[PDB]
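> heads up, no residue letters with this:
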């Protein structure tokens, strides 16, 4: 388990590469996509991106953590 | 009890891992989830996340402290 | 009585642990709780939280001082 | 009378502890209390608070100077 | 007359203590007092306040220069 | 004529003390005076004020350069 | 695969020059193009631009990463 | 032609003193002049002003570059 | 081709002096020109301007890169 | 009284062992204790320390003279 | 008691091996630990280290005196 | 009058023991006392201290000459 | 146990070759690694390096003592 | 006239005791007096002080040459 | 193994010519390369340089030890 | 012409007493005069001062060479 | 190959006169050229300069080693 | 060609008196001239100055080598 001094969002996202996650993300000023729900499998997350790979259709998204609001897992968040 | 110089929000959240908490959180600009009420059991809280594990359905949320507004406990806040 | 150089909000809140206080707090952008009135007994206040313990129902709130607007006491503010 | 280099708002508020003052204060984003008029007797003012003690009902307010707009005295501002 | 390097607003306000001035001031976000016109006699002005003493009723205001918009004199601005 | 390194707004305003100027100024958030047109004779301009002396009625304004938008002269801008 | 300390958005965009990408981008304040969907082939991406070359019509866009919201790939994000 | 390290807006405006220019300028928050079109002859431009001298009526404007949006020339921009 | 450390927007704009470009630009707060489409030939681009020379009518615009949103080329972006 | 050649800070601090002193001390770069006010009774002061013994709670501090700013006595500085 | 010529910080720290001390230490430029409070029992202190042995968990720290700010004892500083 | 070779600050401060002086002093990095104005009667000044004895309240300060900026006398500086 | 005259940091680090240590180190000016936590087994420490050999993955670090802040042991610091 | 080897600032300041001088001085880190303009008559200047005696009000300043920036005379600098 | 008196950084770097090393280096004040990760094979290291020869592309870097922060080896640091 | 061993700044400034010079000087930390342009006639320059005598108004400046940045002559620098 | 006692940066730069080098250099405080990439052929390097002769355009730079950060060769560093 | 022991910057600048040079110089803390580009003909360079004589307008600059960053020649650096 990570200590206090490095338990940031990106480190935990990198500890759970392969967990079915649904990311609730909200882009500040839009008219067509004001709030988005990216469901899929986290393939890899850097400190400015969360590469989500939806297996239903195969579209590997590339989100930006700046607009992230909250990630809902389903099995076990390994911290 | 923590001294004055380190009694921040995250330290107290880390002192009460295992207390039934309902977090009232508000995302700044959304159309679908402007205000959310995350009820559950705090499993672990870093300095940029609060891993809430709802036991009713099993969805382990991963919130962001930036959008936090206030946490309502029910038993005893250990500070 | 505190000198000028350390008479901040949190220090006074820490000098009155146990006074019936009603905190008028306002969250910036919400649709459901735009303004809240947290009534109760101040149990302990750090520099980023005000643990209010309502004795009517037992829900020990944990507010954030950032959103604080003003605290109405009823007996004696000890400064 | 204070010199130029220390004639700030809080210093003058501390020079007039005991003057009937009506503070016109405005909280930025509220729906229920957008503008408030706190009338009473200034008991003590630090650099982040103005402890106003209304003698009509006895509720000793604790305002925040950040939201202050202007203070109307009635007898003599001692500067 | 002040040189260029110290001809700020507060210095001139301090050079004209005793001139009938009408201060047009505007508080950013209010519903009841969005724009105010404080008419009176400038008694003393520091670097964060302008103590205006209306002689019609005797209410010695204490404004904040941050919200100042413009001061209309009537006789002679001594700079 | 001023060099490049000191040709700011206030320096030029100080080079034309005595020119009939109409200052188009706009206060950010007001309900009664959102845009103002101060016509008159520039008596003296510091780095935070433009003392305009209207000769029609004699009211010597004292504007703030922060809210300035643009100054329309009529004879000759001496730079 | 990039380490943690250089896994930014632009580096990954530069690792996938030649992948069919649809960039969902949103310009903050517009009336005609508030949200745009730039579909095409990423030719080259610096740290302030993403040169997308649509092959349907031949218009080689030049976007700005500041307004980027999220990039949807279709085959394989190489990180 | 100016090098890269000093090819700013004001330098070019100073290289074309005497070219018929129409400056499209927009003041942020106004009710009466939200967008203005200053047509005329550029007499001299410092780093915080663009002295435009309309020859049709003789009103020598003095704009502020902060509110500038774009300048439409008609003959030749000398850079 | 430019390296990573100097591949900014202005450098590329300077590498393609002479390419038919249509710049989609948006001024933040306007009522008459909220979004503009400047079509023409890029003559020269500094780090705060993009001198576009429309050959249809001859009006050599002088835009500001701050308000730039995205540039659509038509032939070949040389990076 | 000490001569000129040995009247340093530490010598005088050693001549007044037993005087109620409030030391205003400031640590250069801190986020939690940027300025501290150590009130108490000076028990002994070497050339790199000032052992202050607060009698209110009994915590015998051990400050460092390097960070000292100024000592306020209350009765008589014996030099 | 030590004479004047050798009463430095390290000598006194070596005279009190075994006193419950809380060292308030501040590292100059950090983002995660800008100010630290090392509580424990001083086991041994050289001239460049203060081996603090916390008995609560058993982690024997090894601090550096360069970053020391001030040590708060609780029983008796033997000098 | 002192010769050139010994006319330092401390010597003159020692020649005027008993003159009402207001010392304008500035501590380098503070949040609460960045600039202080110590008014009083100079009782004695060594080469690292200026014992100022305010007679209004009786608090005999002990400043440090390192942080001194300038001393304003009122009657006669004897040099 | 080392005497006073040679009890420096490097000597003690050399007396404990083989103790599980977590070194909290902070590099002065970085954007990606401002604070690092090197956990492992100290293999050998000279006077300008601390060869830490993490056994989890096998990466034998080579730190620099200049940037060291503090070393947390876990079993016994032999001095 | 002084030779090259002793024509320092203090020597010239001592050659012009009695010349109306305005000293432009700047204290490094202040919030209230960042730049000061001491106007008056130079009474005597040592090698660490410039005793300026303003005759308008009678306050005989005592500046420090370390913070000096430049002295503007008005009649004749005798060197 | 080197003795204590010559176990510096450069000597050890010279004892491991031919070990795959990743040097984490940070240049103090840059906008484009604030932190760099030079991965490769150490060919030779003097006392002011570390000639790293990346075999992936063949670019033989020449770093400066002054900016070095820490070197991560992978096989065996021979000291 | 001076040899190599004595061709310093002050010697050349002393060889051109009487040349119209504009000294571009910059004081390190100021809010009102961060950069100054002293235009005039060099009357005499020692090794710590440059007595510039502006003939337009008669104010004989006395600059300090420490803050000098560069001197622009107009006729002939005699070296 | 140079021995240990003279293997400095300048000696090696002088051993490779004629190797295509790209010098990554960073000037401490600039607004226009904060980081520069000088690509070319090293013609000659003294102990305070590196005469780089770019053959693309013919501009023979003359850098300063003080601001050097790191030199990337491409063929063979001869040490 | 100069030997190693005297190949400094000033010696080479003195070997090329008469070469068209553009000196890129940067003054540390300025608001108006943070970076300057002095183009011209080097007339003579001592060890603390570089007398550049621009022939376009005739202003013979006198720079200071301390602020020098790098000199770009155009024909041949004779070393």
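Alright, I've got the coordinates. Residues are numbered from 1 along each chain as shown, chains lettered A, B, ... in the order given.

> which residues touch the residue located most distally from the centre of chain A?
When each C-alpha in chain A is compared with the mean C-alpha position (CA atoms, centre = their mean), residue A:31 comes out farthest, at 22.7 Å. Going by CB atoms under 8 Å, 6 or more residues apart in numbering or on different chains, residue A:31 touches G:34-35. Heads up, the C-betas are built off the backbone N, CA and C, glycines and all.

> now do it against residue G:33, distance only.
10 Å (CB to CB, to the nearest Å).

> what do you get for residue A:25?
From residue A:25 to residue G:33 the distance is 21 Å (CB to CB).

> next: residue A:70.
For residue A:70, the distance to residue G:33 - CB to CB - is 29 Å.

> nearest spatial neighbour of whatever residue of chain A ends up closest to chain D, skipping sequence neighbours?
Nearest residue of chain A to chain D: residue A:28, at 17.3 Å (CB to the nearest CB). Excluding its sequence neighbours, the residue lying closest to residue A:28 (CB to CB, 6 or more residues apart in numbering or on different chains) is residue B:29, at 5.3 Å.

> for residue A:50, same thing?
Using CB to CB, 6+ apart, the closest residue to residue A:50 is residue A:63 (4.7 Å).

> quick check: the one you found vs chain H, distance?
Residue A:63 sits 33 Å away from chain H, going by CB to the nearest CB, to the nearest Å.

> hmm, back to that, more neighbours: residue A:70 and residue G:33, which one.
Shown here are residue A:70 and residue G:33; by other CB atoms under 10 Å in any protein chain shown, residue A:70 has more neighbours (22 against 15).

> contacting residues around the helix or strand where the more buried one lies?
Per DSSP states H and E: residue A:70 is located in strand A:68-72. For strand A:68-72, contacts defined as CB under 8 Å, 6+ apart pick out A:9, A:13, A:21-26, A:50, B:25, B:27, B:30, B:33, B:36, B:59-64, B:67.

> out of these, which end up buried?
Among the contacts of strand A:68-72, those classed as buried by 16 or more other CB atoms under 10 Å in any protein chain shown are A:9, A:13, A:21, A:23-26, A:50, B:25, B:27, B:30, B:36, B:59-64.

> sort out for me which of these are in strands.
Judged by DSSP state E, the buried ones among the contacts of strand A:68-72 include A:21, A:23-25, A:50, B:25, B:36, B:61-62 as members of strands.

> nearest to residue J:54 among the residues you listed?
residue B:25 (42.2 Å; CB to CB).

> and that closest one, how close does it get to chain P?
42 Å.

> next one: residue A:19
When distance is defined by CB to the nearest CB, residue A:19 is 53 Å away from chain P.

> I'd say that residue and residue A:75 touch.
Yes: with contact defined as CB atoms under 8 Å, residue A:19 counts as touching residue A:75 (6.1 Å).

> those two: which has the busier surroundings?
Legend: neighbour count by other CB under 10 Å for residue A:19 and residue A:75, higher for residue A:19 (17 against 12).

> who are the neighbours in contact with the more buried one?
Residue A:19 is in contact with A:41-42, A:73-78, counting by CB under 8 Å, 6+ apart.
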